[PDB]
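J.: Okay, here's the structure, questions in a sec.
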Amino acid sequence: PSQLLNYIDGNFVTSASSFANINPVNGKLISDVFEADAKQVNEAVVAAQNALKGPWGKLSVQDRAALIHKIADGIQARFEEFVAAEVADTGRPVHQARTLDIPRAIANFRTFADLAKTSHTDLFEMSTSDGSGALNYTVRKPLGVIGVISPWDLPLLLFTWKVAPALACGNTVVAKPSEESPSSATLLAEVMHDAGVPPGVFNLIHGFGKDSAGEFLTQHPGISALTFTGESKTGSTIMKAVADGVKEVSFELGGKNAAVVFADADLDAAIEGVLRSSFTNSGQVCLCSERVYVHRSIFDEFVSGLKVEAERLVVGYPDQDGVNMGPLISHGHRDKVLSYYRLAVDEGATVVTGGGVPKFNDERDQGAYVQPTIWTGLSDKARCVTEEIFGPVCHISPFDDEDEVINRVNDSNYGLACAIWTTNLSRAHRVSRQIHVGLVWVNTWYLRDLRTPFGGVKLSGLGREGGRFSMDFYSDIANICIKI
Amino acid sequence: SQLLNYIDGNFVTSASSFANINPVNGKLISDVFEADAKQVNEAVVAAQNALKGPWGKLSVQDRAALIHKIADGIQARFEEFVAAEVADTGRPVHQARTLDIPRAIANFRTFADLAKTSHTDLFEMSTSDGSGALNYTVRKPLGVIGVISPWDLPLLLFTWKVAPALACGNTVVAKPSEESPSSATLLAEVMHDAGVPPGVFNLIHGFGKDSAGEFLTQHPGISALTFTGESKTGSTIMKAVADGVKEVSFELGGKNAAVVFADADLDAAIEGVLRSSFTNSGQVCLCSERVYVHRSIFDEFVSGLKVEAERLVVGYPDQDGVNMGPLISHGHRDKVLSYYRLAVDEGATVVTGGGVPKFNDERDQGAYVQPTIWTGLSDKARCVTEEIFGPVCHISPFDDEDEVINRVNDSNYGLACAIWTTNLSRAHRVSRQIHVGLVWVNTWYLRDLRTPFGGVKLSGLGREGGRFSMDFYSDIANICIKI
Amino acid sequence: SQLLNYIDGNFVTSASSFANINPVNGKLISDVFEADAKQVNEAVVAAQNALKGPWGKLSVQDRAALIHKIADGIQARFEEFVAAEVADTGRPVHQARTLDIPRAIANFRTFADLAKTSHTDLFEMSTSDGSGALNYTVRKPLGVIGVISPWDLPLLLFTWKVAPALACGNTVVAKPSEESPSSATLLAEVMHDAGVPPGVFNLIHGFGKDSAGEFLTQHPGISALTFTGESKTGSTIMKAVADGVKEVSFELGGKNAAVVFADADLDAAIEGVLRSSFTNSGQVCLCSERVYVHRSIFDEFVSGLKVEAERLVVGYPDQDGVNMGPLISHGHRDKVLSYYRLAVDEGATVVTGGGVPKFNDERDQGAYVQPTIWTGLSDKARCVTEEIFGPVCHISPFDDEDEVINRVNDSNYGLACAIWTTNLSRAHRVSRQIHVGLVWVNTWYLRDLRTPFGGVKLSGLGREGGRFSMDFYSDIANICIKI
Amino acid sequence: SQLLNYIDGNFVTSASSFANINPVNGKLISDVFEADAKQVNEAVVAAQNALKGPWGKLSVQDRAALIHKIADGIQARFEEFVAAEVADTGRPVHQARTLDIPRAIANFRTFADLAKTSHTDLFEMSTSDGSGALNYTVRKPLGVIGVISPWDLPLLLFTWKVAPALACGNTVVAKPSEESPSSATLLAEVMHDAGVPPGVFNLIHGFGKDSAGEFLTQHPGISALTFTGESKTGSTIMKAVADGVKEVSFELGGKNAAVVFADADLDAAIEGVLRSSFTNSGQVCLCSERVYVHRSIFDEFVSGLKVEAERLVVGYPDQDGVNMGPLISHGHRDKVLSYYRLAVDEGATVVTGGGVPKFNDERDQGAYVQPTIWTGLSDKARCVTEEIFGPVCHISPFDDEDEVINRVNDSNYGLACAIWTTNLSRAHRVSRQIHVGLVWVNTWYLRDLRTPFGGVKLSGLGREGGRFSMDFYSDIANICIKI
Ligand SMILES: NC(=O)c1ccc[n+]([C@@H]2O[C@H](COP(=O)([O-])OP(=O)(O)OC[C@H]3O[C@@H](n4cnc5c(N)ncnc54)[C@H](O)[C@@H]3O)[C@@H](O)[C@H]2O)c1
Ligand SMILES: NC(=O)c1ccc[n+]([C@@H]2O[C@H](COP(=O)([O-])OP(=O)(O)OC[C@H]3O[C@@H](n4cnc5c(N)ncnc54)[C@H](O)[C@@H]3O)[C@@H](O)[C@H]2O)c1
């Protein structure tokens with residue numbers, strides 16, 4: 001059916017090799033995707049380098065921002081096509097795509113264009129020996145060619161989260177979306193083309209990681225930065241790969257996030273929240289909770305309530321009425337998730353609900369669905385409690401003491417995010433500041449303001465993006481010092 | 001004389017020692033105890049544990065007051081630090097008294113002040129339910145900072161990392177260059193006498209590969225590695241910490257240009273390039289080794305620079321009117337001399353210098369070389385492209401502004417550049433086109449600690465100074481409250 | 001033609017009306033209903049109440065999108081706005097098409113953007129009990145903002161206040177100059193059609209004393225009065241709001257100098273001073289009426305400027321190659337000609353102009369004057385010290401840099417200054433010593449809306465622009481939480 | 001004892017003198033020389049001239065070091081300062097030792113530290129010709145700062161203005177309250193002994209109307225007047241400086257509320273309200289004179305408060321256990337007792353106090369009153385709306401969140417408010433809706449010098465603290481370079 005081409009130096013192109021994009025709802029082929037080779041990656045980088053010297057480089061910040069708003073306008077004008085593309089690749093509920101995925105991707109471009117317009121830099125006066133003094137000022141320049149490599153859990157959102165500020169700062173871009181979700185990125189290339197974005201400014205390359213476009217990108221001496229979102233292991237590999245070039249790097253990596261429910265929490269709200277944080281996108285979001293700690297006094301009641309709500313979840317088609325969960329991204333990913341399902345049992349988990357695959361008796365049985373799953377009875381040292389599963393699952397465990405549960409949350413090689421449920425003023429602020437992660441929510445989950453810094457600690461990442469931090473990462477900060 | 005490690009509040013020796021040698025006369029001045037992997041581990045663990053002790057409980061005001069006390073402690077032993085810096089490096093006494101030591105003290109005072117005055121952000125947001133949410137950020141200690149430092153400005157560059165690390169509430173494991181260990185050891189004593197809790201600041205001595213340096217970079221207990229040194233070494237360190245995804249901050253090598261336009265104050269530009277080429281015997285990362293001079297003033301510039309270079313006094317650190325001391329070591333001299341020969345093989349004219357001076361005294365056992373000027377090499381000569389880190393510069397002419405800008409930028413490095421012009425438009429128009437972290441106009445080596453500092457390309461990764469230090473040496477955490 | 005008030009979502013007439021006269025030919029453009037104290041009260045109360053309505057419930061994003069919609073509305077009716085500004089003021093159509101209207105549009109877009117991107121501060125502190133405290137700040141709407149604006153750049157200066165007021169979520173009662181009420185009235189129409197809720201924006205027409213202007217300033221229901229106008233008017237308004245301790249922001253008169261150094265690009269400086277003296281027929285607060293030129297180039301500069309001034313086309317707004325229109329009114333020309341007489345009486349040499357051109361057509365019933373240059377007055381002449389606000393400049397020589405800085409600063413005003421020099425150091429050294437809010441080097445009237453703008457001494461109080469507008473049009477509140 | 005003015009580096013007497021009375025016992029402490037118009041003028045002129053002397057040539061680092069030396073000078077005479085404040089005010093010795101003096105020392109140190117770390121902005125901009133322009137801002141000394149301060153927290157509020165004025169490179173003419181002139185005179189000695197150049201800091205004694213206070217505000221030589229005092233005095237000053245269009249900063253009166261929600265920690269709330277009502281005998285602008293308590297806990301709260309209030313030890317500054325001293329003066333006691341009476345006449349139930357304690361010693365000649373609590377008055381009672389400035393509070397029950405918010409806000413004042421609740425949502429939701437400059441949650445009088453501070457409505461104009469101080473006490477100037 002559909003064909004997904006690379007976009008290089010203003011032109012769509014095919015490749016020697018192609019791979020399949022497969023609908024996880026039913027296992028049916030959606031499209032053929034051309035895998036760019038080493039030579040085409042080179043062509044992309046060189047074009048990106050030259051574009052920096054072209055008309056793109058002559059644009060005022062205001063004109064550049066106007067054009068980026070045009071890109072956002074073009075996505076909005078093809079809104080439903082973008083919805084259809086995200087849904088096809090990933091099986092995500094249509095409502096989620098219409099309210100989260102696509103509008104956030106548009107908001108990424110608008111927000112960074114606006115920040116580009118309002119941003120400024122610094123002026124430092126200094127005294128000198130002769131009493132004439134000196135002036136030091138800083139400027140933001142384009143960093144150069146930014147290599148962007150993105151994952152499949154929020155395809156257009158996380159892709160544009162890198163591409164928008166890269167372009168807002170006047171860089172050119174070579175971007176490699178996940179092989180699992182190539183569609184919406186390809187449509188973005190079309191939007192770029194139609195908006196009149198100069199050739200070479202934005203380049204789209206398809207493929208995999210090792211011995212494919214992804215690796216080739218990280219190895220190319222022509223890039224100035226590599227921004228990456230994906231597994232921690234992949235982060236380290238890429239960090240080694242750019243080391244000889246001393247390329248700027250920004251990494252958003254894996255997590256094993258906890259949710260903590262204190263005794264004074266609003267229990268019904270906490271249950272709804274943990275339900276959402278565990279099972280949204282079938283638990284395939286980096287921000288999902290897979291470890292949950294609940295105060296002993298309310299533990300059993302909490303687990304009972306969550307069981308009931310988890311069992312009311314509708315698992316099925318993306319446009320099915322009242323659907324809460326679609327399938328996992330792919331059969332390979334499902335294999336990995338079920339392997340963890342077994343392991344949890346072997347490690348001695350009580351299976352509160354789920355633990356298998358739903359029986360549909362239609363085409364969905366050919367897809368890659370699993371059941372939302374809850375475990376109890378596992379130790380803090382259990383693999384299923386420590387390793388990132390990336391499916392619709394959580395383990396729940398009681399605790400007694402505040403300092404205790406803080407230490408248990410922090411006892412991890414990851415540190416992406418955490419959610420805390422409490423109605424107590426002091427406790428919200430005291431506990432939150434003690435959690436060793438980049439992002440804590442109190443009495444909510446997945447709230448994101450694009451102005452805030454975002455990033456992880458430990459294995460969950462390196463550096464920060466968002467607001468001023470993106471404006472700093474995607475720019476050369478240069479100092480000019482004038483003796484007066 | 002012996003230089004010990006400082007681990008968890010105690011000066012400790014080690015299994016093996018190495019020679020610290022005076023580059024003025026080749027004489028041995030101390031033995032330095034090389035830390036082994038287990039001592040490195042001990043240091044990191046101690047640093048990890050200090051985070052949970054009294055250090056971790058200090059308010060920002062109390063921590064800052066304590067850091068000022070460290071500065072005071074250095075100040076009260078000022079001449080001993082001067083003696084220590086001079087001993088290891090052979091730098092002129094006057095330069096140590098006026099640049100090296102006071103600036104090391106200022107590192108501590110300034111970052112302590114920045115710590116006291118820093119604050120974070122508040123973001124309000126709307127929610128579908130109409131009650132909204134509050135996001136705020138906080139700065140927390142990153143954890144244990146591994147500091148690895150070079151020998152060109154030993155204490156200055158060392159404290160440039162250590163001060164903000166401590167100011168942000170971290171604990172530190174710091175490994176100074178094997179070539180210049182004394183001032184860092186003195187710092188450990190100052191720390192001790194000031195009552196810095198055990199494990200907060202740890203000093204380990206040794207080399208890079210297969211030594212204390214490598215082991216520090218491999219330890220999963222650190223949260224960040226901040227580094228100043230050669231580009232290749234930076235790469236090596238980048239790979240070593242990759243599996244841990246440690247935060248990294250790199251200030252690497254350069255091949256910096258100076259540019260003199262026809263409308264420059266000629267005498268000032270000659271004086272400026274003399275300083276930028278030969279300060280510290282050209283052993284500063286910010287030194288110029290490439291100079292482009294407009295053809296209308298080329299011959300006069302070169303002639304004037306020759307005269308001033310030959311007036312430079314090369315000698316003892318306490319010799320009257322001394323301008324230059326020796327190179328850091330014989331091994332470094334052999335490297336610099338190898339370039340002195342390569343320049344000749346490459347076809348260079350030697351305007352002045354090109355060898356080693358004859359002293360007919362103990363200095364001949366030291367590691368002195370002559371300040372050297374070359375002309376006649378092409379832009380692709382290795383001597384014009386690779387960093388030598390000696391008291392040397394090649395001078396070539398240029399004709400056009402866009403031409404010289406291209407030749408300046410035609411480099412895998414991009415640390416710093418100096419331009420000389422009296423024209424308003426040109427200064428601002430040219431400066432912004434040079435692909436480096438720092439451009440000076442009509443001066444050199446002016447540094448304000450508030451400003452961002454770093455290189456592009458092979459010259460580094462990230463930025464430090466001012467709030468960039470406060471951000472790098474801190475965990476930035478976002479806390480989002482639903483209302 | 002009739003210009004109605006706009007109060008609580010309705011266009012309303014009034015008991016009295018006054019004449020809007022076209023200064024080109026003296027003909028009647030429109031009747032303008034003057035708001036009485038009763039209508040002003042009704043406007044202020046509507047504004048207060050609007051703060052409790054749908055307007056007050058908008059997210060920052062929605063409020064910004066609505067203000068972009070206001071900008072789109074103006075843009076949709078671009079030429080009507082052009083025609084309105086031209087009719088009231090006689091300004092050249094080209095100036096209105098390229099400066100006045102697009103900048104007024106840019107005011108709304110820029111402050112909407114600033115509103116979306118602004119945030120506030122988070123301060124952590126330690127306490128005796130070791131639990132600490134959180135301190136965060138928020139920006140709330142100040143309340144009802146009274147806006148009183150002048151006639152020199154009617155829509156531009158009007159929207160310069162109204163845009164940030166609305167971006168910060170305030171409601172507005174605005175009173176434009178009686179000389180130029182037309183574009184403000186169109187703006188009210190755009191507001192209405194854009195769907196801005198009743199009471200958010202209110203337009204009241206009238207004069208100052210014993211009229212709408214005074215009644216706005218006396219109303220206890222406002223939270224702030226932002227004002228651009230004559231310095232003496234500012235003083236009056238400050239007294240008028242003193243018992244209510246209203247927030248105030250004043251942009252007042254000036255006697256701005258231009259300085260031309262010996263190393264200036266002379267032709268560019270001549271062109272520059274021509275524009276700074278005669279743009280809008282010298283009726284801009286930012287205009288130069290004092291000009292200082294280095295002695296060595298004084299005669300050549302004066303001769304050059306004379307030639308250029310005499311080439312200026314003084315005529316109809318859409319006449320080919322027109323450079324200057326008339327003054328705003330006959331009353332204003334009576335004042336300007338009185339100064340023309342005074343300058344002769346004070347001993348001035350009239351290099352050119354000094355009178356009223358003769359058209360022998362309908363323009364003779366208008367309010368034109370000639371571009372005028374004086375020489376020969378002392379620094380104490382009233383014509384050299386008082387703001388004339390016509391197309392005039394006096395030119396005086398100088399010999400020394402510090403001398404001229406002192407003469408520039410020797411004024412009760414301090415709005416702006418323009419300096420001409422090609423020398424890098426001079427540009428920065430001199431500029432920082434000028435006691436004004438804004439210095440231009442080698443240009444004039446460049447405005448970036450992110451910058452702080454305002455004057456010193458009699459030229460004003462407070463700053464607006466960028467973050468300064470976001471702070472002034474907001475309540476900055478501090479919330480301190482004990483943890 | 002005698003208190004002299006400090007003008008142009010000299011302590012000088014005056015033609016007239018007035019009495020400083022100890023309010024503990026009515027005894028005369030010192031005679032205070034009242035500055036006349038000629039003396040005030042001599043002060044301003046010396047300050048003006050001081051800007052062009054060595055003070056103006058100081059680098060920011062050197063200036064800050066000298067400010068820290070002032071702070072050192074106060075620490076060195078810590079007990080003399082404590083005695084001075086106690087003598088003037090009768091404040092408990094413990095409170096002056098822990099609060100008053102250390103915080104005035106912190107004012108100098110903190111604003112010195114802010115000044116060293118401060119910086120400004122760079123704006124890059126595109127132009128028609130494609131070469132662009134550079135806009136940057138600088139902070140300059142505003143000029144001569146007139147400071148007029150109250151007797152509330154004499155040294156603390158005095159230094160809160162003087163410290164940032166000086167940190168910003170200004171010079172100062174300062175008029176402390178006639179009721180509390182001692183600590184300020186001691187500060188002038190510290191300035192003198194620290195070698196602060198003559199004319200930089202000038203101290204003039206006297207009153208407001210027809211005295212030095214008025215004379216300062218009428219003087220055309222000053223650039224700003226910063227003021228802390230009664231709201232009616234603020235309006236008077238705003239009128240006085242209106243013709244010079246001087247920069248103003250006003251911190252005025254309040255009638256602050258405390259609010260205790262049903263979910264508050266009741267014991268902590270009682271302790272909190274006790275402190276907020278009676279600290280310094282309720283003579284702090286930040287004191288709570290109205291208290292709203294949820295109905296369900298109203299009786300229990302009023303009872304606990306009565307008990308704790310009755311345990312308050314009223315007497316000697318150095319008496320052990322002492323909690324309260326006297327009011328500042330007999331004149332003020334007459335005013336306070338007058339409200340005590342009016343409260344009864346208005347229908348108040350007197351829960352405790354309501355008169356003056358009997359001592360049977362010299363304290364009966366002093367100016368004491370009892371801590372008083374009222375119930376049973378309406379929101380419209382004069383005693384519940386008008387600022388009394390004594391050790392008094394009125395407690396009223398409430399039922400609804402939106403109700404009490406409206407009742408707190410129904411005031412012509414809006415300085416500060418304290419809220420007590422343990423609920424997360426409620427704390428943030430309610431706080432943001434209170435129309436004041438400062439809301440405390442579960443505490444009172446926590447001040448971080450980095451935060452913006454100020455009131456809304458009659459409680460003030462402008463903001464001070466952190467960068468707001470750095471902005472108010474500086475000329476922000478914009479320099480625009482065409483490239
Ligand atoms: N960009 C800057 O701001 C800046 C400042 C000063 C110096 N420099 C550069 O640094 C170099 C200066 O001299 P240098 O010889 O001391 O640099 P270097 O890289 O050889 O050594 C620096 C430090 O790293 C250690 N080290 C060496 N190999 C290591 C390894 N494999 N693992 C861990 N640690 C290792 C050394 O022991 C030493 O402490 C020059 O290139 C100079 O330009 C840059
Ligand atoms: N907003 C704040 O942060 C803050 C802080 C402390 C006190 N206050 C307020 O200050 C008041 C108490 O102090 P106060 O009794 O000294 O107030 P006050 O207004 O009577 O006197 C204050 C100062 O102003 C001077 N002054 C009086 N009339 C003057 C005039 N016509 N011209 C020039 N100067 C004049 C006085 O001499 C004195 O030095 C209370 O209202 C209190 O709330 C406010």
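Just so we're on the same page: first chain in the structure tokens is A, next is B, and so on; residues restart at 1 for each chain, and ligands are numbered from 1 in the order they show up.
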Please check the contacts: residues of chain A at most 12 Å away from chain C, using only C-alpha atoms, listed as number ranges by chain.

T.: A: 62, 65-66, 107, 110-121, 125, 131-136, 424-433, 449-452, 466-468, 482-484

J.: Would you export the selected residues with N, CA and C atoms as a compact mmCIF listing (two decimals), in the first residue's frame, please?

T.:
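So the final result, stored in out19.txt, reads:
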```txt
# COMPACT_ATOMS: atom_id res chain seq x y z
N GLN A 62 12.38 37.06 13.42
CA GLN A 62 10.94 37.24 13.21
C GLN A 62 10.41 36.47 11.99
N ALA A 65 10.54 32.75 12.67
CA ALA A 65 9.44 32.37 13.54
C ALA A 65 8.11 32.31 12.79
N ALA A 66 7.92 33.23 11.85
CA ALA A 66 6.69 33.27 11.08
C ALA A 66 6.54 31.99 10.26
N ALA A 107 1.66 22.55 19.08
CA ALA A 107 2.06 23.46 20.15
C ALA A 107 3.58 23.54 20.30
N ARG A 110 4.70 26.14 17.68
CA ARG A 110 4.25 27.48 18.05
C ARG A 110 4.99 28.03 19.26
N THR A 111 5.22 27.17 20.25
CA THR A 111 5.86 27.61 21.49
C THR A 111 7.32 27.98 21.27
N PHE A 112 8.06 27.17 20.52
CA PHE A 112 9.46 27.47 20.31
C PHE A 112 9.67 28.63 19.35
N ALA A 113 8.76 28.80 18.40
CA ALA A 113 8.80 29.99 17.54
C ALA A 113 8.59 31.25 18.40
N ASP A 114 7.65 31.18 19.33
CA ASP A 114 7.39 32.31 20.21
C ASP A 114 8.59 32.60 21.12
N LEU A 115 9.17 31.55 21.70
CA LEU A 115 10.37 31.71 22.53
C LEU A 115 11.51 32.32 21.73
N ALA A 116 11.62 31.93 20.45
CA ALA A 116 12.68 32.46 19.61
C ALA A 116 12.54 33.97 19.48
N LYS A 117 11.30 34.42 19.36
CA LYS A 117 11.00 35.84 19.17
C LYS A 117 11.28 36.62 20.45
N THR A 118 10.94 36.04 21.60
CA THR A 118 11.07 36.80 22.84
C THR A 118 12.42 36.63 23.53
N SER A 119 13.23 35.68 23.08
CA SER A 119 14.50 35.43 23.76
C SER A 119 15.51 36.57 23.56
N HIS A 120 16.36 36.80 24.56
CA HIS A 120 17.52 37.68 24.42
C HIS A 120 18.66 37.11 25.25
N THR A 121 19.77 37.84 25.31
CA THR A 121 20.96 37.36 25.99
C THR A 121 21.48 38.41 26.98
N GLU A 125 29.19 44.36 32.34
CA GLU A 125 30.21 45.41 32.34
C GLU A 125 31.33 45.00 33.30
N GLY A 131 41.08 51.80 33.95
CA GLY A 131 39.90 52.57 34.28
C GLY A 131 38.99 52.89 33.10
N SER A 132 39.24 52.27 31.94
CA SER A 132 38.38 52.49 30.78
C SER A 132 37.28 51.44 30.73
N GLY A 133 37.56 50.28 31.32
CA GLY A 133 36.55 49.25 31.44
C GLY A 133 36.39 48.42 30.17
N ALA A 134 35.47 47.47 30.23
CA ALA A 134 35.23 46.57 29.11
C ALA A 134 33.79 46.14 29.15
N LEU A 135 33.29 45.69 28.00
CA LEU A 135 31.93 45.22 27.86
C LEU A 135 31.97 43.79 27.39
N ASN A 136 31.19 42.94 28.05
CA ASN A 136 31.06 41.57 27.61
C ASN A 136 29.62 41.29 27.24
N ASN A 424 -1.96 16.95 51.95
CA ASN A 424 -1.29 17.76 52.96
C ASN A 424 -0.31 18.75 52.33
N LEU A 425 -0.46 20.03 52.66
CA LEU A 425 0.39 21.10 52.13
C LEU A 425 1.89 20.84 52.32
N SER A 426 2.32 20.76 53.58
CA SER A 426 3.72 20.48 53.92
C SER A 426 4.24 19.23 53.25
N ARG A 427 3.45 18.16 53.27
CA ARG A 427 3.97 16.89 52.76
C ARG A 427 4.25 16.96 51.27
N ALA A 428 3.38 17.65 50.52
CA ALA A 428 3.57 17.77 49.08
C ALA A 428 4.94 18.38 48.77
N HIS A 429 5.29 19.46 49.46
CA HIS A 429 6.54 20.18 49.18
C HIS A 429 7.77 19.50 49.80
N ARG A 430 7.65 19.03 51.04
CA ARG A 430 8.74 18.35 51.73
C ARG A 430 9.14 17.07 51.00
N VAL A 431 8.17 16.22 50.69
CA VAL A 431 8.47 14.96 50.03
C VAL A 431 8.97 15.15 48.60
N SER A 432 8.29 16.02 47.85
CA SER A 432 8.63 16.25 46.44
C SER A 432 10.07 16.64 46.21
N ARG A 433 10.60 17.51 47.07
CA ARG A 433 11.96 18.02 46.87
C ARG A 433 12.98 16.95 47.20
N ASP A 449 4.23 21.70 30.83
CA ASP A 449 4.30 23.07 30.34
C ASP A 449 5.61 23.15 29.55
N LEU A 450 5.54 23.61 28.30
CA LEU A 450 6.71 23.61 27.41
C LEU A 450 7.80 24.60 27.84
N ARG A 451 7.46 25.51 28.76
CA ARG A 451 8.44 26.45 29.29
C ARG A 451 9.37 25.82 30.33
N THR A 452 8.95 24.72 30.96
CA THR A 452 9.72 24.16 32.08
C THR A 452 10.92 23.36 31.60
N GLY A 466 13.53 22.19 27.12
CA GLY A 466 12.34 22.93 27.51
C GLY A 466 12.69 24.39 27.79
N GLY A 467 11.81 25.31 27.40
CA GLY A 467 12.03 26.74 27.63
C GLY A 467 13.43 27.22 27.29
N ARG A 468 14.04 27.95 28.22
CA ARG A 468 15.36 28.55 28.02
C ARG A 468 16.45 27.51 27.77
N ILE A 482 34.58 43.36 24.58
CA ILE A 482 35.16 44.55 23.97
C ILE A 482 35.92 45.38 24.99
N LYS A 483 37.23 45.52 24.82
CA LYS A 483 37.99 46.48 25.62
C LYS A 483 37.64 47.89 25.13
N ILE A 484 37.24 48.76 26.06
CA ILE A 484 36.80 50.11 25.72
C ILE A 484 37.88 51.18 25.91
```

J.: With the cut-off set at 6 Å and counting only C-alpha atoms and all ligand atoms, tabulate each residue of chain B with an atom at most that distance from an atom of ligand 1, showing the nearest atom pair and its distance in Å to one decimal, ordered by chain and increasing number, as JSON lines.

T.:
```
{"residue": "B:148", "atom": "CA", "partner": "ligand 1", "partner_atom_place_in_ligand_line": "39 (O)", "distance": 5.1}
{"residue": "B:149", "atom": "CA", "partner": "ligand 1", "partner_atom_place_in_ligand_line": "39 (O)", "distance": 4.6}
{"residue": "B:150", "atom": "CA", "partner": "ligand 1", "partner_atom_place_in_ligand_line": "16 (O)", "distance": 3.3}
{"residue": "B:151", "atom": "CA", "partner": "ligand 1", "partner_atom_place_in_ligand_line": "16 (O)", "distance": 4.6}
{"residue": "B:176", "atom": "CA", "partner": "ligand 1", "partner_atom_place_in_ligand_line": "39 (O)", "distance": 5.0}
{"residue": "B:177", "atom": "CA", "partner": "ligand 1", "partner_atom_place_in_ligand_line": "39 (O)", "distance": 3.7}
{"residue": "B:178", "atom": "CA", "partner": "ligand 1", "partner_atom_place_in_ligand_line": "37 (O)", "distance": 5.9}
{"residue": "B:207", "atom": "CA", "partner": "ligand 1", "partner_atom_place_in_ligand_line": "37 (O)", "distance": 4.2}
{"residue": "B:208", "atom": "CA", "partner": "ligand 1", "partner_atom_place_in_ligand_line": "35 (C)", "distance": 3.3}
{"residue": "B:209", "atom": "CA", "partner": "ligand 1", "partner_atom_place_in_ligand_line": "31 (N)", "distance": 4.0}
{"residue": "B:213", "atom": "CA", "partner": "ligand 1", "partner_atom_place_in_ligand_line": "34 (N)", "distance": 3.8}
{"residue": "B:214", "atom": "CA", "partner": "ligand 1", "partner_atom_place_in_ligand_line": "32 (N)", "distance": 3.9}
{"residue": "B:228", "atom": "CA", "partner": "ligand 1", "partner_atom_place_in_ligand_line": "44 (C)", "distance": 5.3}
{"residue": "B:229", "atom": "CA", "partner": "ligand 1", "partner_atom_place_in_ligand_line": "10 (O)", "distance": 2.9}
{"residue": "B:230", "atom": "CA", "partner": "ligand 1", "partner_atom_place_in_ligand_line": "41 (O)", "distance": 3.7}
{"residue": "B:233", "atom": "CA", "partner": "ligand 1", "partner_atom_place_in_ligand_line": "19 (O)", "distance": 4.8}
{"residue": "B:236", "atom": "CA", "partner": "ligand 1", "partner_atom_place_in_ligand_line": "31 (N)", "distance": 5.8}
{"residue": "B:237", "atom": "CA", "partner": "ligand 1", "partner_atom_place_in_ligand_line": "32 (N)", "distance": 5.7}
{"residue": "B:251", "atom": "CA", "partner": "ligand 1", "partner_atom_place_in_ligand_line": "1 (N)", "distance": 3.6}
{"residue": "B:252", "atom": "CA", "partner": "ligand 1", "partner_atom_place_in_ligand_line": "1 (N)", "distance": 4.0}
{"residue": "B:253", "atom": "CA", "partner": "ligand 1", "partner_atom_place_in_ligand_line": "43 (O)", "distance": 3.7}
{"residue": "B:254", "atom": "CA", "partner": "ligand 1", "partner_atom_place_in_ligand_line": "43 (O)", "distance": 5.4}
{"residue": "B:285", "atom": "CA", "partner": "ligand 1", "partner_atom_place_in_ligand_line": "43 (O)", "distance": 3.6}
{"residue": "B:459", "atom": "CA", "partner": "ligand 1", "partner_atom_place_in_ligand_line": "1 (N)", "distance": 5.8}
```
